[PDB]
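Below is one structure, written out as structure tokens, with a few remarks after it.
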2 protein chains.
Amino acid sequence: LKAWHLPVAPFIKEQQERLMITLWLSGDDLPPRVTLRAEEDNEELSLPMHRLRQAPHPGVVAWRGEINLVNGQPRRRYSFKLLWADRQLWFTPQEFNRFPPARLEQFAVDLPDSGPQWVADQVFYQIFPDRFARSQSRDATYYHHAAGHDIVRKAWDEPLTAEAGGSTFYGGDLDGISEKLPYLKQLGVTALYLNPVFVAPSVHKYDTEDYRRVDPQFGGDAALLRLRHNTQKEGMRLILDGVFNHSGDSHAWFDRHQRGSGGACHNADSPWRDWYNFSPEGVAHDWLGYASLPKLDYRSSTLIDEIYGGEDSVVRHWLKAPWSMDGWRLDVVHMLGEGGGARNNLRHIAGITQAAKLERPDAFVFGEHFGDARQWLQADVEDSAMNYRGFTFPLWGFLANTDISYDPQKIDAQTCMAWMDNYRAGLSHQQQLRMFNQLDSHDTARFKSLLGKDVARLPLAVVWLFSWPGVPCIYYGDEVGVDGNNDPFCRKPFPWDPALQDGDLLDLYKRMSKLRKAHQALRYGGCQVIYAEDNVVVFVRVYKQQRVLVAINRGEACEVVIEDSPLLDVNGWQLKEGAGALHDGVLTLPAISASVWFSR
Amino acid sequence: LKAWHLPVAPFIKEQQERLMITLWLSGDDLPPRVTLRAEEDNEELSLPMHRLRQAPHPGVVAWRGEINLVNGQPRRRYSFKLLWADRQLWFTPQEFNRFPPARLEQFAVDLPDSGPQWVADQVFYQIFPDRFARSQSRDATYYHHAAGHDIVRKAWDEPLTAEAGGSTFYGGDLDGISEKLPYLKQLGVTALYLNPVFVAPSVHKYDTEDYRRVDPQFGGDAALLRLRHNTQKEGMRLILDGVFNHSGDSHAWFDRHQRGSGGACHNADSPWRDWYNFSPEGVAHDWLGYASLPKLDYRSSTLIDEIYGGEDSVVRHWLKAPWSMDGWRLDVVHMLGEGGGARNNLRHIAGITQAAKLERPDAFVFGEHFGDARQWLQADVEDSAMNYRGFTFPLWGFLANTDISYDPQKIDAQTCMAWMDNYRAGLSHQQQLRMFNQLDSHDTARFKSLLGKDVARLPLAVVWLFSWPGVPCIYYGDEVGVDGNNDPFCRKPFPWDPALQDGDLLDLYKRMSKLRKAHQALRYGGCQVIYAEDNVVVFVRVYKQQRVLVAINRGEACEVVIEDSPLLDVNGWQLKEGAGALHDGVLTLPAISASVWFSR
């Protein structure tokens with residue numbers, strides 16, 4: 001017995017106020033009845049399915065049902081209940097289940113879809129501002145109170161060292177990014193995610209001192225206005241790093257260093273005393289034991305107003321004119337809450353997202369989730385997450401034998417795809433398409449270094465990043481082969497000298513972004529894993545009549561048989577990237593290779 | 001490789017402000033390192049585990065770690081990360097996982113536990129009031145507007161018929177329940193769940209007309225005061241059916257039948273016009289197409305105040321003096337919300353539960369969930385659910401070959417236990433202990449009838465109901481062998497004539513409730529499935545040094561080998577119920593039997 005279904009055309013079709021659902025079956029003992037299990041206002045529904053007269057493909061029987069769209073909530077969950085005379089079988093995102101699937105692990109489609117529909121068309125690039133590029137115009141040192149010393153300035157070619165990593169400035173700025181826009185546009189980028197840029201004494205600037213002013217070191221307000229102009233002119237989106245779980249200790253609201261007289265750290269009568277939590281001993285709650293990062297108490301209704309409740313709260317401030325940013329990356333989204341911990345977290349993240357969409361309906365809001373983000377995403381409190389658990393770490397394990405803790409990891413293609421597909425199953429198709437996928441970031445070792453001796457696998461990761469469902473994000477310098485261990489060493493200055501650039505890797509990035517821009521299935525399509533065993537993964541992206549086939553071989557050269565699949569029943573295939581070869585259901589795969597085919 | 005862990009003593013121990021966690025392992029290739037993955041304010045933690053010098057049991061190696069309890073949220077999620085030189089393995093509620101478990105499917109313990117700790121000590125009994133018992137004192141007919149006719153009155157021995165089922169009254173009342181308290185106390189009952197009792201024209205009374213007055217047909221306010229007195233006197237708890245997703249069409253707020261002049265159904269200027277949703281055509285939103293049940297629009301802040309927001313809102317009204325009820329069963333909890341659907345549902349159920357605990361901190365609030373309730377329970381918006389998906393339907397399938405839709409079902413012991421254990425894995429140990437388990441209810445066919453020819457299996461269900469984690473609920477008449485098809489036929493009058501009673505079944509219920517009252521592990525203990533194959537299920541309840549072993553055989557007589565388990569390493573076993581026999585790791589099980597053993 002076999003089944004096929006993806007939450008996209010050709011399997012689904014909106015027609016008037018109905019959502020038509022088609023299921024494919026094949027086998028010797030087909031069920032005489034099939035029930036479409038659907039949901040309306042969380043009530044489970046048993047909807048009839050009828051057999052279609054026309055076989056969609058050789059030996060494939062098609063069933064169809066209808067979800068009424070005039071009532072219910074926009075997210076349409078559904079599964080298939082195969083019924084025989086004596087038994088039943090469920091078909092789900094995770095294949096067949098002998099007992100009923102979890103409600104939150106069904107197929108799901110968002111109709112009407114009110115999410116940021118532009119996100120799926122983007123190629124993102126993440127910039128750690130101090131390390132990307134210096135403007136042509138272009139170093140003032142001051143005293144970092146939270147550190148024990150003045151800040152340090154280094155020249156662009158000075159090696160990175162573990163000393164005073166939070167206080168070493170190489171001096172990149174925002175006009176530097178503006179000046180490098182042609183390079184990013186040649187790379188395929190259509191959108192930027194910036195690490196923090198508001199006034200703060202550290203180099204990374206998660207120790208926010210003023211949420212209303214751009215730090216002069218990066219070029220101040222004028223330079224961020226220019227970047228917004230230039231990006232708009234080039235049709236590029238722009239996302240800022242939003243740090244609302246905690247403030248910096250040098251913020252006026254807290255003011256550890258008594259720069260004023262009404263700070264919360266040293267005055268019980270401070271206007272913002274109840275914006276922070278102080279233990280019985282008086283020790284302020286902070287972010288995981290970093291006293292420079294006092295945690296904000298969202299029990300206080302004035303804090304709620306200042307951050308997201310008010311018309312000119314911080315979240316909305318940068319989304320309206322003249323700033324008109326395209327949204328927010330939410331730092332430490334999972335811990336924000338009341339009383340010094342994550343109490344009431346889901347409610348407050350919902351408030352932040354809601355406030356953003358009030359200012360800009362198409363605003364993109366996604367959270368930093370090193371962990372399992374499903375409960376946040378399943379309650380629709382944010383649009384998306386940095387997909388470490390769903391994308392990053394499965395690739396770390398399958399390709400680099402390591403994990404979030406740099407613990408050893410030995411997982412084969414089966415386990416990797418079971419892992420990746422289990423996580424997506426909790427997400428609607430529209431949510432899957434906007435997951436923020438990257439290979440590494442400013443908070444991890446460089447993927448290239450994590451490969452160690454297996455660095456030849458890096459191109460496989462690059463192809464996968466551009467073809468797995470979700471929006472891909474390049475971490476600055478990845479595309480020219482920057483390596484490094486974790487923070488501080490993952491934040492090297494970008495090597496603008498082409499002699500220090502891997503130009504073959506750079507070209508790979510250019511081509512994959514062209515393939516993605518070219519083919520709807522790489523942006524909008526469903527995704528079916530077709531083969532997952534030992535070293536080989538094969539999956540197809542699916543959208544209307546178009547298909548995109550992707551075959552990854554992490555080891556020695558081999559041949560693999562691909563059984564006849566109705567998803568692969570096409571006129572022919574056109575190889576677009578890689579040296580793989582498909583002929584008569586046999587895939588010839590060179591050692592350490594990834595290949596992409598478009599259907600003709 | 002083998003592992004054991006349950007979220008209860010002897011595996012966990014609170015000591016000062018620390019939670020100690022112990023893991024058992026056994027095998028030839030044990031991991032030299034084990035990481036306790038825990039959570040603090042949703043941040044994943046890697047905590048060291050150290051090897052204990054003393055083997056807890058033959059050939060079993062013990063590891064221990066500590067969760068710091070002074071910070072974080074009360075629910076403590078955790079899992080075990082086994083680490084070798086080249087690989088890792090996860091140990092979870094669902095055995096070993098090669099890739100990291102879902103955050104929401106870890107072991108979890110609620111510390112500090114603020115739930116209703118009394119619930120785990122109860123035996124519940126559900127009463128459909130019109131059909132349970134007439135008081136000695138003891139019939140007035142009126143016109144049911146939503147029906148097309150006057151109500152109908154029938155004598156106690158008149159057969160049930162499908163005609164006017166919502167309007168046929170046999171006349172049971174609340175003083176009748178008061179008078180039958182000695183019977184319920186002899187049965188083992190310590191708590192009552194009543195179907196609706198507020199003023200409403202139907203016999204089931206989910207068509208609420210007045211949320212502030214007890215229906216005179218059941219004996220009015222005086223009779224419910226007496227039942228509260230008598231139950232208190234006998235140390236019995238009392239739960240009322242709370243119907244807040246919709247009102248009845250005869251409620252004054254709506255008033256389809258113009259009993260007043262300011263109703264919402266016929267006046268655009270009604271004080272409660274915005275308490276209901278009217279389509280573009282003006283058709284009121286209702287409960288699944290029943291116009292007698294107009295749905296309430298929780299967008300309106302006055303409605304929120306009337307139902308749960310206000311000091312004397314409906315939810316709190318019956319929880320304070322003089323009513324002092326012990327909580328609420330929430331009818332159609334999953335659909336309640338704004339705009340004519342389930343919009344903002346989680347938030348409103350949270351408000352209702354919060355309001356209840358404001359009035360009574362130990363109030364028990366649980367929802368009617370025919371479907372998958374995990375998202376409600378995982379967000380702590382209610383204490384518990386009617387556990388149809390986690391308990392009822394697995395037993396319908398394994399024992400009765402049927403399901404929620406009375407579709408055929410063919411699942412073996414493996415699938416049943418995989419199903420039951422997968423659902424619990426999303427629940428903390430404290431949540432599992434208060435799940436509201438029953439075999440049937442006023443909204444299903446009688447389980448005894450569902451068995452058809454296999455009715456000899458019914459005692460197995462009864463033993464299982466009292467030994468699976470959760471609080472058991474008898475549906476009135478089940479204990480003397482009432483049968484019937486679904487609503488209306490599952491609501492027969494209780495047969496008080498002992499000649500019409502299955503006294504052997506009644507005794508079984510008495511003994512199982514005595515076993516539960518007697519043994520802490522049946523109320524507080526963890527639960528490990530030990531054997532699940534074809535017809536046989538064997539599981540042990542675990543609490544400190546005590547064990548309770550339960551063996552269910554749904555088919556012909558057989559013998560089954562039980563490998564040495566450190567959970568079964570005890571002084572000896574004492575058979576308490578059934579004819580099973582355990583000797584030298586071999587379980588001799590008669591056909592269609594269930595057996596219970598206490599450890600000595």
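We label chains A, B, ... in the order they appear in the structure tokens, count residues from 1 in each chain, and number ligands from 1 in the order shown.
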
| field | Expected answer as JSON, numbers by chain: chain B residues within 7 Å of chain A, only C-alpha atoms | value | {"B": [41, 42, 43, 44, 72, 73, 85, 86, 87, 88, 98, 99, 102, 103, 334, 335, 341, 342, 343, 371, 372, 408, 409, 410, 415, 419]}

Give me a file of those residues, with N, CA and C atoms, as a compact mmCIF listing (two decimals), in the first residue's frame.
# COMPACT_ATOMS: atom_id res chain seq x y z
N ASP B 41 13.34 28.32 32.36
CA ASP B 41 12.73 29.43 31.64
C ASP B 41 12.84 29.22 30.13
N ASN B 42 12.62 27.97 29.72
CA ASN B 42 12.60 27.48 28.35
C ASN B 42 14.01 27.36 27.75
N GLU B 43 15.05 27.80 28.44
CA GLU B 43 16.41 27.60 27.95
C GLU B 43 16.87 26.17 28.21
N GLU B 44 17.35 25.49 27.16
CA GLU B 44 17.90 24.15 27.33
C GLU B 44 19.21 24.21 28.11
N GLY B 72 13.39 29.41 37.48
CA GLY B 72 12.63 28.70 36.47
C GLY B 72 11.15 28.65 36.78
N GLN B 73 10.40 28.13 35.83
CA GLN B 73 8.97 27.92 35.95
C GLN B 73 8.70 26.57 36.63
N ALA B 85 32.01 8.05 22.63
CA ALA B 85 33.10 8.75 21.96
C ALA B 85 32.69 9.28 20.60
N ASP B 86 31.79 8.57 19.91
CA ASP B 86 31.45 8.88 18.53
C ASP B 86 29.97 9.16 18.31
N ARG B 87 29.12 9.06 19.34
CA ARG B 87 27.68 9.05 19.09
C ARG B 87 26.93 9.37 20.38
N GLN B 88 25.63 9.57 20.22
CA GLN B 88 24.75 9.89 21.33
C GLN B 88 23.45 9.12 21.16
N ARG B 98 16.86 8.24 18.49
CA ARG B 98 18.15 8.51 17.88
C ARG B 98 18.35 10.00 17.60
N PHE B 99 17.27 10.76 17.53
CA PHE B 99 17.37 12.20 17.40
C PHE B 99 16.62 12.87 18.54
N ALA B 102 11.04 15.86 21.15
CA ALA B 102 10.32 17.12 21.25
C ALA B 102 10.39 17.65 22.68
N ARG B 103 10.54 18.97 22.79
CA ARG B 103 10.55 19.63 24.09
C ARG B 103 9.34 19.24 24.92
N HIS B 334 -13.13 23.44 23.57
CA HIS B 334 -12.18 23.70 22.49
C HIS B 334 -12.67 24.71 21.46
N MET B 335 -13.98 24.98 21.40
CA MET B 335 -14.54 25.88 20.40
C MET B 335 -14.83 27.28 20.93
N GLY B 341 -16.25 31.85 16.17
CA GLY B 341 -15.45 30.64 16.11
C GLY B 341 -14.54 30.48 17.32
N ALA B 342 -13.45 29.73 17.16
CA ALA B 342 -12.53 29.45 18.25
C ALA B 342 -11.37 30.45 18.33
N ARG B 343 -11.53 31.64 17.77
CA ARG B 343 -10.47 32.64 17.81
C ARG B 343 -10.22 33.06 19.26
N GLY B 371 -11.38 15.31 21.09
CA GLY B 371 -10.17 15.27 20.29
C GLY B 371 -8.89 15.33 21.11
N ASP B 372 -7.81 15.72 20.42
CA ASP B 372 -6.46 15.79 20.97
C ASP B 372 -6.31 17.06 21.80
N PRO B 408 -14.63 0.60 12.10
CA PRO B 408 -13.95 -0.61 12.56
C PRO B 408 -12.50 -0.29 12.88
N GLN B 409 -11.96 -1.05 13.82
CA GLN B 409 -10.65 -0.78 14.37
C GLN B 409 -10.01 -2.12 14.70
N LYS B 410 -8.76 -2.32 14.25
CA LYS B 410 -8.02 -3.56 14.49
C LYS B 410 -6.61 -3.23 14.97
N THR B 415 0.14 -1.46 19.45
CA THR B 415 -0.36 -0.19 18.96
C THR B 415 -1.12 0.54 20.05
N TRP B 419 0.07 4.04 21.45
CA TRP B 419 -0.90 5.13 21.43
C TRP B 419 -1.04 5.76 22.82

| task | Run DSSP on the backbone and grab whatever in segment 327-509 of chain A lands in strand (DSSP E or B); send it over as a VMD selection string. | result | chain A and resid 327 to 330 338 343 364 to 369 384 to 387 436 to 437 471 to 475

| query | Which of these residues is nearest to residue 526 of chain B, using only C-alpha atoms: B:480, B:588, B:91, B:428? | reply | B:428

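Those residues that approach segment 56-59 of chain B to within 9 Å, counting only C-alpha atoms, are residues 24, 25, 26, 27, 52, 54, 61, 62, 566 and 569 of chain B; same-chain residues fewer than 2 positions away are not listed.
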
Restricted to N, CA and C atoms, what would the selected residues look like written as a compact mmCIF listing (two decimals), in the first residue's frame?
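Written out: result_39.txt:
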# COMPACT_ATOMS: atom_id res chain seq x y z
N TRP B 24 18.66 4.75 35.42
CA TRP B 24 19.15 3.38 35.49
C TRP B 24 19.55 2.92 34.09
N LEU B 25 20.72 2.28 33.98
CA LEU B 25 21.18 1.72 32.71
C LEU B 25 21.71 0.31 32.91
N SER B 26 21.66 -0.48 31.84
CA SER B 26 22.19 -1.83 31.88
C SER B 26 22.57 -2.27 30.47
N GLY B 27 23.73 -2.91 30.35
CA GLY B 27 24.17 -3.41 29.06
C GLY B 27 25.67 -3.57 29.00
N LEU B 52 26.83 6.65 40.21
CA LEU B 52 26.72 6.28 41.61
C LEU B 52 27.51 5.01 41.87
N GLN B 54 26.96 2.69 44.26
CA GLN B 54 26.12 1.55 44.61
C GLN B 54 25.18 1.21 43.45
N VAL B 61 23.37 0.11 36.44
CA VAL B 61 24.25 1.23 36.75
C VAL B 61 23.38 2.48 36.88
N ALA B 62 23.62 3.27 37.92
CA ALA B 62 22.80 4.44 38.24
C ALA B 62 23.59 5.72 38.04
N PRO B 566 14.53 -4.48 36.68
CA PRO B 566 14.81 -3.90 38.00
C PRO B 566 13.61 -3.23 38.64
N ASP B 569 12.07 -6.03 40.80
CA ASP B 569 12.95 -6.66 41.78
C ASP B 569 12.42 -6.36 43.18

| Neighbour list for segment 448-455 of chain B as a PyMOL selection string, cut-off 12 Å, only C-alpha atoms, skip fewer than 4 positions in-chain | chain B and resi 393+395-408+439-441+444+459-462+475+477-486+489-490+502+505+554-555+592

| field | Residue neighbourhood residue 247 of chain B, 7 Å, only C-alpha atoms, exclusion window fewer than 6 positions, as a VMD selection string | value | chain B and resid 207 to 208 293 to 296

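Minimum atom-to-atom distance to residue 177 of chain A, evaluated using only C-alpha atoms, belongs to A:476 out of A:258, A:6, A:382, A:476.
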
| Quick one: of A:28, A:105, A:255, A:179, who's nearest to residue 135 of chain A, counting only C-alpha atoms? | A:179

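Within segment 38-185 of chain A, residues classed as alpha helix (DSSP H) by DSSP on backbone coordinates are residues 174, 175, 176, 177, 178, 179, 181, 182, 183, 184 and 185 of chain A.
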
How would the residues just picked look written out with N, CA and C atoms as a PDB file, in the first residue's frame?
ATOM      1  N   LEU A 174      27.464  51.039   8.908  1.00  0.00           N
ATOM      2  CA  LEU A 174      26.279  50.875   8.077  1.00  0.00           C
ATOM      3  C   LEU A 174      26.489  51.419   6.662  1.00  0.00           C
ATOM      4  N   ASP A 175      27.150  52.573   6.517  1.00  0.00           N
ATOM      5  CA  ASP A 175      27.489  53.042   5.176  1.00  0.00           C
ATOM      6  C   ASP A 175      28.390  52.047   4.459  1.00  0.00           C
ATOM      7  N   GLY A 176      29.216  51.312   5.211  1.00  0.00           N
ATOM      8  CA  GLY A 176      29.978  50.224   4.622  1.00  0.00           C
ATOM      9  C   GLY A 176      29.087  49.187   3.964  1.00  0.00           C
ATOM     10  N   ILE A 177      27.965  48.854   4.613  1.00  0.00           N
ATOM     11  CA  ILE A 177      26.993  47.937   4.021  1.00  0.00           C
ATOM     12  C   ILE A 177      26.358  48.558   2.785  1.00  0.00           C
ATOM     13  N   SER A 178      25.947  49.825   2.891  1.00  0.00           N
ATOM     14  CA  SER A 178      25.414  50.538   1.738  1.00  0.00           C
ATOM     15  C   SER A 178      26.370  50.451   0.561  1.00  0.00           C
ATOM     16  N   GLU A 179      27.662  50.701   0.809  1.00  0.00           N
ATOM     17  CA  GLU A 179      28.658  50.648  -0.265  1.00  0.00           C
ATOM     18  C   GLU A 179      28.819  49.244  -0.839  1.00  0.00           C
ATOM     19  N   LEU A 181      26.379  47.023  -1.181  1.00  0.00           N
ATOM     20  CA  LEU A 181      25.144  46.520  -1.778  1.00  0.00           C
ATOM     21  C   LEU A 181      25.328  45.903  -3.162  1.00  0.00           C
ATOM     22  N   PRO A 182      26.142  46.466  -4.077  1.00  0.00           N
ATOM     23  CA  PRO A 182      26.306  45.806  -5.383  1.00  0.00           C
ATOM     24  C   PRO A 182      26.851  44.401  -5.271  1.00  0.00           C
ATOM     25  N   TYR A 183      27.816  44.178  -4.373  1.00  0.00           N
ATOM     26  CA  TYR A 183      28.307  42.824  -4.130  1.00  0.00           C
ATOM     27  C   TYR A 183      27.184  41.907  -3.663  1.00  0.00           C
ATOM     28  N   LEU A 184      26.370  42.363  -2.712  1.00  0.00           N
ATOM     29  CA  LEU A 184      25.316  41.496  -2.197  1.00  0.00           C
ATOM     30  C   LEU A 184      24.281  41.204  -3.272  1.00  0.00           C
ATOM     31  N   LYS A 185      23.975  42.206  -4.092  1.00  0.00           N
ATOM     32  CA  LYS A 185      23.047  41.993  -5.190  1.00  0.00           C
ATOM     33  C   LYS A 185      23.619  41.026  -6.226  1.00  0.00           C
TER      34      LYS A 185
END

| query | Got a sec: who's within 7 Å of residue 277 of chain A, counting only C-alpha atoms, leaving out chain neighbours fewer than 2 positions off, as a PyMOL selection string? | reply | chain A and resi 274+279+284-285+297+339-340

Dump N, CA, C and O atoms for the selected residues as a CSV table (one decimal), in the first residue's frame?
chain,number,residue,atom,x,y,z
A,274,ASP,N,10.2,48.8,39.1
A,274,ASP,CA,9.4,47.6,38.8
A,274,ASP,C,9.6,47.1,37.3
A,274,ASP,O,8.8,46.2,36.9
A,279,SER,N,15.9,39.9,43.7
A,279,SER,CA,15.8,38.7,44.6
A,279,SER,C,15.5,39.2,46.0
A,279,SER,O,15.5,40.4,46.3
A,284,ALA,N,19.7,41.5,41.1
A,284,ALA,CA,18.8,41.6,39.9
A,284,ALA,C,18.8,40.3,39.1
A,284,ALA,O,19.9,39.7,38.9
A,285,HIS,N,17.6,39.9,38.7
A,285,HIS,CA,17.6,38.8,37.7
A,285,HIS,C,18.2,39.3,36.4
A,285,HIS,O,18.0,40.5,36.0
A,297,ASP,N,11.0,43.0,33.5
A,297,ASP,CA,9.9,42.4,34.1
A,297,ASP,C,8.6,42.8,33.4
A,297,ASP,O,8.1,43.9,33.7
A,339,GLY,N,8.3,38.4,36.1
A,339,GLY,CA,8.7,37.9,37.4
A,339,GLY,C,10.1,37.5,37.5
A,339,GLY,O,10.5,36.8,38.5
A,340,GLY,N,11.0,37.8,36.5
A,340,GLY,CA,12.3,37.3,36.4
A,340,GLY,C,12.5,36.0,35.7
A,340,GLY,O,13.7,35.5,35.7

| field | Atomic distance atom CA of residue 457 of chain A - atom CA of residue 387 of chain A, expressed in Å with one decimal | value | 20.6 Å

| Selection: 12 Å around residue 249 of chain B, only C-alpha atoms, excl. self and same-chain fewer than 4 positions, as a ChimeraX atom specification | /B:144-147,200-202,205-210,253-259,263-266,276,284-287,290-296
